[PDB]
Every structure is written in structure tokens, then in C-alpha cells.
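Have a look at the structure below before the remarks.
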Amino acid sequence: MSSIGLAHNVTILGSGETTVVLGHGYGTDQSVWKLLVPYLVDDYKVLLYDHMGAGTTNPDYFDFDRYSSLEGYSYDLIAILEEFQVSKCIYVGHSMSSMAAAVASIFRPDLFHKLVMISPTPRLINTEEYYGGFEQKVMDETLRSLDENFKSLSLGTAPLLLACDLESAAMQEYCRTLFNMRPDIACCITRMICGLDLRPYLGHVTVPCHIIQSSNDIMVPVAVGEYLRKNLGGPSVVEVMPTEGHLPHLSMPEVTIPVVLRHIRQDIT
Amino acid sequence: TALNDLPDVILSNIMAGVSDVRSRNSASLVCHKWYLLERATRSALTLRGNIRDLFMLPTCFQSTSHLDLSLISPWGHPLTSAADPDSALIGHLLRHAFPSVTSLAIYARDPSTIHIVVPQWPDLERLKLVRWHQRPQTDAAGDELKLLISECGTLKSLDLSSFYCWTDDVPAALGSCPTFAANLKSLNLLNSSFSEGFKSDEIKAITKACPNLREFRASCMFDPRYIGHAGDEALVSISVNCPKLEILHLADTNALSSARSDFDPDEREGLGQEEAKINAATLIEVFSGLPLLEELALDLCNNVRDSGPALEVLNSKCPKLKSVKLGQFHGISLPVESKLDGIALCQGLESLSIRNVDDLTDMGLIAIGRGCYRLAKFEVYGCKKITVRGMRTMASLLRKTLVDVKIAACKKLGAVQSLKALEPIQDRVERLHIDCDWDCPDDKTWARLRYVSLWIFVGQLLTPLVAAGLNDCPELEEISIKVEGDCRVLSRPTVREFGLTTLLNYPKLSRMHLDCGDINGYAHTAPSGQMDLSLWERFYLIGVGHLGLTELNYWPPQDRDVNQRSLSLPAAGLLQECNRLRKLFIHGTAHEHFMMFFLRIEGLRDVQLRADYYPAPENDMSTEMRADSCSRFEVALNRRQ
Amino acid sequence: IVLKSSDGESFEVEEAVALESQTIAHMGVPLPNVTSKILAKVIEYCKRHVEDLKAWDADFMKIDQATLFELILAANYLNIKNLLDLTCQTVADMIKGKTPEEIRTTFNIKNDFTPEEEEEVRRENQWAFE
């Protein structure tokens, strides 16, 4: 079949005129939707893909220059959607993948009908006037662990630093999956995430966005939802569910799945 | 005279004695005559390769009689896909490449694979079906196994011990053709993946359909809590229907579990601890009906009491008996004064395996040692009363023959006590299993010890092993470590490493099995203040690169709720440091980035991800494994020249 | 019964034991092939094989290449299956872990494989799990 499909492990499931595109967060793969896919195939056409950084993809295909910025991921999403004749899709994305889909909607408003976001964030690094993520001081430790791992792997030794070796107790959970790919790719993707700042660009997002957060989420502050709602250029709705952890759609499905299904099927936004 | 000048017949006789496949490959590269002789005399072949390049199959093995197709990459992938008309060519290709196959082992993922490959050899004698994935939904029962029944040949042995199906498929298939059942001499239904074992009625049907059986193994449902449990009537029917049985192995499905918590009555939440529907009189009748019995195993998870008289009848009515394995058979040996009784009267036993006997004391062990004086392999599991004195005395009694011992879960025998108790046979024991229980309260050269098996709880260190007594083992070539326990409640270990570097004490250690598959934790998301399984993988694999291992089987720990056994970054990084690995098998999943770490190993030849556990990853969207990743990894691995 | 070798050396033999060889039992005793030591060892071995169960059988093959070759070549003349087995499964144990070069060295065999032929044989051997 297509080289794009083989490169991104694209799978097409179900049937129907409406297509649902599921995008995992960084450090996981399309298998993170193993519990949501059964609830969708009976009434939606489901497209599952792995973005190029994922550990299930060929590390040779990973271009550091292309994927040092979010625009590369947005262009890859556009290319995948164009390859499979998908238009007006419903995109459900985890953290920082939904931001890539939002940028893609900025580029191609036609390809997207709505956006469902699970704990998104426009910028991950807190500033003086914006509290929507983590202090650069604590993300520096994660970057240092990734750099030490890459340095160890380059010399032929074992990369032995883990997210559980951090003392933040929230960076442990948030950065858990960043240690699930090749260390150099991990460093590149993590720096892309740290340098990301979509606050200027939120005004161009016109497609409706459905934001799903968690109650008192210790990783992504709940105020990010209100900030996004205010600064989005299209209709938006924020829902807070009683979940926890970095992967609610896999670890707590009996709570997360109904919320995602309701936001998929409700079109008012 | 030169070796090549010998007559070809005796040279072929020499070549048939070359069993190691590595040495056969070496010998095939000596000369044209040697290549021809090796290709003529190679009997067993285990096909290694990818499904994509199957049409590149070598045709030099025209004389192989045992063919094993269960390990073709991707492991467990369907060899034949029914949606493709081209799949019929695979059967012809296999028939042409290996025309003289009489024993076949194939991974029967789909019915089409069986229907296309198995009929290719009418003269097939033994068949082994392997399936760890889910059973496909069919119209009726037995349809998948009814494709086996060919009306142009005679199959003699069928092995379904690794073929997951429904327990009603087997009686349905055997009942559709009486000739096929009558031609069977061996039937291995001993699958631990059955959700429930065979019912009494199913066992009756299976035994009735197959009167000529010589070997019968089955995972039966003996628990009297469920309707249709196997009982006295089932055993009586087995004895009546198959008088010619030589091997009879019956076990409860939970008794076949890798995790001890599934069958151990101590570790079960009140499960078991209730008498099974088996009586001493019933066992007497069953043994009376089986005169040719040679190997007997009845591994139950429900107590049987006062079984001594039955085991006494065993000795008289079964003169050929050599092996006895008992599970939860109480009252096995209660000697009075100096009169032997129970299992101790079976003086012809060669191997005896005992599990969970509440009535056993030191005197029972002594009586077994004095009566079963030909015993060359003893195994005791979960006996709470036997202590070091009884075990040491029994070992001294059997000091001429005992070379295979296993002491597990015994309360009063820790590692130190077991190693002290095995003192009389220390210079003669070859295989040994002990539990790494360091907290149990209360010359030195293992000259012939070649294999050691260890069971240890999660989070326990291996370092006290050398101080326990296993110090000078000049011949130890293989050690198996099994780790079990729920680590979700444990805190971070105070010590950084498990202690695999403690195995540098043994110079000949080259093969290792590290089975951590029964560790339950959190895979990718720990809730809060918890540590995920990558920390434990690092803990249990630090220092593995220092050992000179040539072979390693590793079982990654699992998160039971998500049902995944992924390899993590520290595990792959530490396995990469094993520079002398020739074979590396990981019984779990690993994505492409971590699998590509293993290319740094210079001498690596056999690498595979074998998810031989139930249930297996169903598709590419359920785990991180991908078919393209496997193909690329194998292409790159077989490209290093 | 007394036997004689090829070079002219005459050796006595115990009876009954001689029925072990199906060729001998089937048919003084003018057998011309076994030469002294070979016949002595063969008869002595079959003698033990009437009553170290295998530890005498393993020590029994502590002889060198020449004696082992003579032993098997004449045990084929006596058609003795047990002797054939016990003997050949020593020339087989000497083809244990060893490179092709080492086998050629131990048995003085000379290579006749062109490099493409070796490439073909290695590609074929890649299809087997060792």
C-alpha cells in the first residue's frame, strides 16, 4: 500500500460517513486506544496512526530537522489525512498531539470537523504572566536525565535513568513515557515540546475544540482549559472529569471513555 | 587411515550422532562429501526465518522427519491467510522442501493454516498444534480440529498442550470420525490455558472414543464447586475405556499455573481446602484397571485424604510404575513402628513428586527413603512439618541414586536448611531447586551439579545465595531464576541491584533463564508515589552484562490489568551489554526502537519475541509489536557480515 | 576357540561371547581383517557386554584416532550394532563445538568449497534454529 501508511502504521477500522482520527501522545503508540476503539467501530470509521517519533516506527525515518518543531507533526497529520481521503474528521488527541492537530486545522480547516483534546496545553513552560505548565527549573532535570541516557547509549553502555528517578512526583508521571523511545529521539522530541509556544496562534483556530481535563490535575493546571477557551478563535467547551494520571483513557477507562464518547457524539460544542 | 576414506555407511552413522544444530552447521562446511552426508542425515529441523521470504526456502533438507514451523517470524503470525488465494502455494512449497516429514509442529493461528499445511503429508504420524491467541469464532464446536481428520492417512499422536481452544472442541472433533480416534496412541490435552478443565462428561467422551490410547494427559476440572466437575466416575471411565494406558497425567488447570498463588492453598483466598470427589476405593479400582501403568500423575487442587491404601494397591497392581506425581494427596505415608505403608511400598519408583501433604512428617520422609530405595528424582512442595533432620536422613538413605532434588515452599526448609539437608548427596546431585528464603529461622564442593533452579519473592536480594551454601559449583552451566509477587504494594528497594553479579562465583555458568513474568506492577502509569515496572526491570537486570552468558530467556514483568509485558528502556539497555549472547529470547513484547538495541551484540544469532503466554497480543493495535519492525530487525540482523 | 590376525598373530577367544557378532554367529575362524589389538579389544569388550555400567565403555574409547578408526572399521566387519554405536558416538563427540577449520585440522580434511559455495551453505544453514 502507501508508504505513508506503512511508515505510520495506519489502520482503518469500522465504517460510516464520519471518520474519527485518534492521536496518541508522545511516548506511547496507537495501542493506547485499545479500550476506546471497540466503542467507536460500530458507528464511526476509525483511523489509528503512530506519529514518527513513536517507538513503533522506524527510527531511520525520524528526521531531526523536520521533527524539531510541531509543524512537522502537523504536516505529517495533513499528509496522512490526504492519503486516506479523510475530510471533516473528528480528531481525538492526547496531550501535545491535540496541539499538533490544532495547528493542522490552522493550515487546513477543511480536514477537521472538531477537536477533542485530553489534557492539552499551549505552552508547557510557565512564565511570569502565564501559569499553564511547569517551571523551566524542573523540566531542566528531565532534559538532563534524557541527555545522560543518550550519552550513555552513545558510548555503548546502558541508559539507566528513569522518570521514577525524578523527585517531583508529578514529573515522574508526566515524563514517564518520554523514556519509551530511542534516547536521541527522546531528547529531540522533549526539546520540541519544551520550546513549543502556541499562545500567539490560538486565535487562528476556528474549528470547535472540546477540552477534557482532570479534577485537580497535578500535571497540567486546570486553568489551561479556561485560557484555551478564552483564546480559541472558535467555539469551545471544557469538561473536568474525576480521573488522574497521564493516561486516563487507558488506566481509568470506565470514567474516561464515556466522556470522550459524549464529546465525540455531541456536535454543538 | 583418513576419515574420508571410510565407507559412507559408517560415516552416515557418525553424522546421525551429531545432534547439536550448531555443530551440524559447522560440519556441513567441511567438504562436499560432508555437506552431502550432513544434509542426508539431518532429522530434526526448526525452521528459522520470516514469513515474507518463505519462498526462498532451502531444499537441501529432503530427509528431515521432524519439522517445526511454530517459530517462524513474526512469532504467532498466521502462516496462511485465507483472504489470499496465493496461500495455497505455501503448502506445495513446504511439501517440496520437506517431503519426508513424519512429525510436524505448526502454529495453528487460523483454520486455513491447518487445512493447507497439515494435509500436505498423508504419512504424518505426530502433530503438535500451538496457539496462544484467542480461539476464532466458528459455526460449531470441533470445526477447527475437524480439519485434522484426514480420510487418507493415520495420525498416531496429537499434542494440544499448547493449543488454546474450547474444552468441548476435542470431544466434538474426536466424535466425528471413530477411525481417527481409534488410530491415536497418544493424546496430550494438558493445556494450562484452559479457562476451565474438561468436565466429567467430556472426559468420558474422549476416553470412550479413543480405546487404543497409550498416553493420556488432560487438564481436568476437579473442583467440586462447579457443576460437571471430574470425579470418581471420570477416573473409573478412564480406567475402563483405555486399559492399555502407560502414561496417565491428570491435573487441575490451576495446578498447571506458572504463578504459585494460583495452586498453592496457602496463597489462595480460601480456595481449595475442600475434599475432592475422589475416594480410596475409586483409586483402588482405577489402579486395578491399569496394569501397564508406568507414569502416574494426579495433580489436584482439592484435598484427598486417606490415600495410603490406594497407593499400596498401586505397587501390587502396577509393576511397571516408575514415576509418581501427587498433588494434595494427604495421608500419603504415615508409618507405624517400622512398617512401611502408603507410597513407601512402591519400591520400583524412579521419580516421586509430592505437593501439599498436610499429614507428612519426618517419619514419612524416612519411610519413603527406605521403601523407595531406587528413587533417582525427588520433589517435595509445600509440606509444613518436614524439617532438616528428616530431609537429610532421607537424602543419606538414597545417597546412591538421588541426583535430582527439588525443595519448594516447605515452611521449615529455607535456602540454608535445604542446602544443609542435601549434604549427603552434595558430590552427586546434578539438578537442584531451592527457594531463596533467607529469613527461615534455625567436601563443600558440588562436584556434579550442572543445573540450579531458584524461586524468590519480588524485591528479595540474590546476594545471600553464596553464603547460603551454594559456593563452589565448578560444573554449573545453567541457572533458572523465577521471581513472583505483587510489587504494587512494595516501596523502592534500598539496594540498587538484585545481585546478578553474585553469579560470577560460578565459572562455567553460560545459560540463564530469568522468569519475571509473574511480577505484577504498573507498566506505563503508576498512580502516585508508586514505581512502575521499568524500575524493577532495572533492579533485576543490573550486572547481567558481567556474566559470560551465551543464552538468555527473559520474561518481562506484567501489568495484569492492562495485559502487557513490554520490555522497557533499562532492560533493553542492560541486555545490550551482554556481548557474548548467542541466543536471546524475550517472552513479551518490545517495539522497534528497543529491539534495534540488540544489533550492538556482535555474535547474536537467534533473537525472537515469543509471547507464548495466554492471551497473546491479538493484532498490531493491541501492543507495540509490529510485523514491519520484526522484518526490518531480522533483515538488519542477518545482514551483519 | 583361538583366533589369528592378518599379520600372523594368534589370539585366544572366550566362547558364547563370540555369538555377539551376528556375522560370526551366522558363520580356525579364518577372519582375516581384525588385526591383533583390534580383535583383542573387540572380544574383550563383548566379554564385558555379557554381564562402569557406561564408565568402562567411555574409558574403553580413550584410544587415539588410529585405533578408533581400526576399531570401527572392523566392528563393521563383525556387524555388531552396540559396538558400532559406542564407537561412532565418539567420532561424533569429536565433532562437538568446533569451527569447520578445526574439524578439517583434527581429521586432516582439505577444503574444496569455493567462496560462493560457502555463501550458499551458510544461507541455507541460516534457516535453522541452532
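Chain labels follow the order of the C-alpha cells: the first chain is A, the next B, and so on; residue numbering restarts at 1 in every chain, and ligands are counted from 1 in their shown order.
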- Enumerate as a ChimeraX atom specification the residues belonging to chain C that approach chain B to within 9 Å, with only C-alpha atoms taken into account. /C:66,69-70,72-73,76,84-85,87-93,95-101,103-104,107-113,118,121-130
- Polymer residues at most 7 Å from residue 1 in chain C, only C-alpha atoms, same-chain spacing of 4 or more positions, as a ChimeraX atom specification: /C:12-15
Selection export as a CSV table (one decimal), in the first residue's frame, atoms kept: C-alpha atoms:
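This is the output file again26.csv:
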chain,number,residue,atom,x,y,z
C,12,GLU,CA,42.5,-67.0,22.1
C,13,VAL,CA,38.9,-66.0,22.4
C,14,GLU,CA,36.2,-66.9,25.0
C,15,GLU,CA,33.2,-68.7,23.6
- Pick out each residue of range 7-244 of chain A that DSSP on the backbone tags as strand (DSSP E or B); I need them as a ChimeraX atom specification. /A:11-14,19-23,45-48,89-93,112-118,123,125,134,197,209-214,236-241
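Close contacts of residue 312 in chain B, defined as residues with an atom at most 12 Å away when counting only C-alpha atoms, with chain neighbours fewer than 2 positions off set aside, comprise residues 280, 281, 283, 284, 287, 288, 306, 307, 308, 309, 310, 314, 315, 316, 317, 318, 319, 331, 332, 333, 340, 341, 342, 343, 344, 345, 346, 347 and 371 of chain B.
Excluding residue 423 in chain B itself and any same-chain residue fewer than 3 positions from it, the protein and nucleic acid residues within 8 Å of it, counting only C-alpha atoms, are residues 392, 395, 419, 420 and 426 of chain B.
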The selected residues should be written to file as an mmCIF file, in the first residue's frame (atoms: C-alpha atoms).
data_model
loop_
_atom_site.group_PDB
_atom_site.id
_atom_site.type_symbol
_atom_site.label_atom_id
_atom_site.label_comp_id
_atom_site.auth_asym_id
_atom_site.auth_seq_id
_atom_site.Cartn_x
_atom_site.Cartn_y
_atom_site.Cartn_z
ATOM 1 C CA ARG B 392 18.978 -35.073 55.477
ATOM 2 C CA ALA B 395 18.990 -37.993 51.352
ATOM 3 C CA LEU B 419 21.441 -26.874 51.298
ATOM 4 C CA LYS B 420 22.415 -28.443 54.627
ATOM 5 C CA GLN B 426 26.387 -32.857 47.597
#
Fewer than 6 positions away in the same chain doesn't count, so skip those; otherwise give me all residues within 8 Å of range 205-209 of chain A, counting only C-alpha atoms, as a compact mmCIF listing (two decimals) with C-alpha atoms, in the first residue's frame.
# COMPACT_ATOMS: atom_id res chain seq x y z
CA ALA A 102 -4.92 22.30 16.13
CA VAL A 103 -2.01 23.70 14.12
CA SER A 105 -6.55 22.78 11.49
CA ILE A 106 -4.99 26.23 11.18
CA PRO A 109 -9.56 23.98 8.28
CA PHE A 112 -11.15 18.81 10.57
CA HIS A 113 -14.76 18.95 11.77
CA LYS A 114 -14.00 19.19 15.51
CA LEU A 115 -11.20 18.65 18.02
CA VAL A 116 -11.34 16.55 21.19
CA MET A 117 -8.40 17.29 23.48
CA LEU A 232 -9.55 30.00 20.92
CA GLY A 233 -10.98 31.60 17.81
CA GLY A 234 -13.81 29.10 17.60
CA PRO A 235 -16.45 27.58 19.86
CA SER A 236 -15.04 25.59 22.75
CA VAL A 237 -16.26 23.56 25.72
CA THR A 269 -19.60 22.42 21.30
- Query: Residues of chain B within 10 Å of chain A, using only C-alpha atoms, as number ranges by chain?
  - Reply: B: 492, 522, 524-532, 534-535, 538, 542, 545, 561-562, 567-577, 590-597, 600, 619-629, 632-633
Find the spatial neighbours of residue 72 in chain A, counting only C-alpha atoms, within a cut-off of 9 Å - ignore same-chain residues fewer than 6 positions away - and output them as a PDB file with N, CA and C atoms, in the first residue's frame.
ATOM      1  N   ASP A  65      15.685  17.390  11.868  1.00  0.00           N
ATOM      2  CA  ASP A  65      15.380  18.747  11.431  1.00  0.00           C
ATOM      3  C   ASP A  65      13.884  18.942  11.219  1.00  0.00           C
ATOM      4  N   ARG A  66      13.207  17.947  10.651  1.00  0.00           N
ATOM      5  CA  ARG A  66      11.775  18.081  10.418  1.00  0.00           C
ATOM      6  C   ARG A  66      10.993  18.075  11.721  1.00  0.00           C
ATOM      7  N   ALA A 100      -0.778  19.672  17.922  1.00  0.00           N
ATOM      8  CA  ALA A 100      -0.386  19.456  16.536  1.00  0.00           C
ATOM      9  C   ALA A 100      -1.602  19.416  15.624  1.00  0.00           C
TER      10      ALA A 100
END
- Could you jot down the CA of residue 588 in chain B to CA of residue 513 in chain B separation for me, Å, one decimal place? 13.9 Å
- Message: For residue 403 in chain B, find every residue with an atom within 10 Å (counting only C-alpha atoms), except residues of its own chain fewer than 4 positions away, and show them as a VMD selection string.
- Response: chain B and resid 375 to 378 395 398 to 399 425 to 432 448 to 449
Filtered DSSP result for range 80-120 of chain A, state alpha helix (DSSP H), as a short mmCIF file (atom, residue, chain, number, x, y, z; two decimals) with N, CA, C and O atoms, in the first residue's frame:
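So selection-v1.cif came out as:
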data_model
loop_
_atom_site.label_atom_id
_atom_site.label_comp_id
_atom_site.auth_asym_id
_atom_site.auth_seq_id
_atom_site.Cartn_x
_atom_site.Cartn_y
_atom_site.Cartn_z
N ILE A 80 -1.17 12.30 6.11
CA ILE A 80 -1.88 11.06 6.37
C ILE A 80 -3.36 11.22 6.04
O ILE A 80 -3.96 10.34 5.40
N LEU A 81 -3.96 12.33 6.45
CA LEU A 81 -5.38 12.54 6.16
C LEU A 81 -5.64 12.63 4.66
O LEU A 81 -6.62 12.07 4.16
N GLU A 82 -4.77 13.33 3.93
CA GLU A 82 -4.94 13.43 2.49
C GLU A 82 -4.75 12.08 1.80
O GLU A 82 -5.42 11.80 0.80
N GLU A 83 -3.86 11.24 2.33
CA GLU A 83 -3.61 9.95 1.71
C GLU A 83 -4.83 9.05 1.76
O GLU A 83 -5.07 8.27 0.82
N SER A 98 -2.89 16.88 20.37
CA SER A 98 -4.01 17.75 20.06
C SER A 98 -3.55 19.13 19.62
O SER A 98 -4.20 19.76 18.79
N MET A 99 -2.43 19.61 20.17
CA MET A 99 -1.89 20.89 19.72
C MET A 99 -1.40 20.80 18.28
O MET A 99 -1.58 21.73 17.49
N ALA A 100 -0.78 19.67 17.92
CA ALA A 100 -0.39 19.46 16.54
C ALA A 100 -1.60 19.42 15.62
O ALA A 100 -1.58 19.98 14.52
N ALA A 101 -2.68 18.76 16.07
CA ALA A 101 -3.90 18.74 15.27
C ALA A 101 -4.52 20.12 15.15
O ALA A 101 -5.10 20.46 14.11
N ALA A 102 -4.42 20.93 16.20
CA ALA A 102 -4.92 22.30 16.13
C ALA A 102 -4.14 23.13 15.13
O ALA A 102 -4.73 23.89 14.35
N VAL A 103 -2.81 23.00 15.12
CA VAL A 103 -2.01 23.70 14.12
C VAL A 103 -2.37 23.21 12.72
O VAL A 103 -2.47 24.00 11.77
N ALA A 104 -2.60 21.90 12.58
CA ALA A 104 -3.02 21.36 11.29
C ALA A 104 -4.35 21.95 10.85
O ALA A 104 -4.56 22.23 9.67
N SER A 105 -5.28 22.13 11.80
CA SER A 105 -6.55 22.78 11.49
C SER A 105 -6.34 24.22 11.07
O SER A 105 -7.09 24.75 10.25
N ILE A 106 -5.35 24.89 11.66
CA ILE A 106 -4.99 26.23 11.18
C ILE A 106 -4.57 26.16 9.72
O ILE A 106 -5.01 26.97 8.90
N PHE A 107 -3.72 25.19 9.37
CA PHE A 107 -3.28 25.06 7.99
C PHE A 107 -4.42 24.62 7.08
O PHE A 107 -4.62 25.19 5.99
#
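Across A:38, A:133, A:23, A:53, the tightest approach to residue 257 in chain A is made by A:38 when counting only C-alpha atoms.
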- Task: Work out how far CA of residue 612 in chain B is from CA of residue 258 in chain B, in Å to one decimal.
- Result: 12.3 Å
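Here CA of residue 554 in chain B and CA of residue 300 in chain B stand 29.4 Å from one another.
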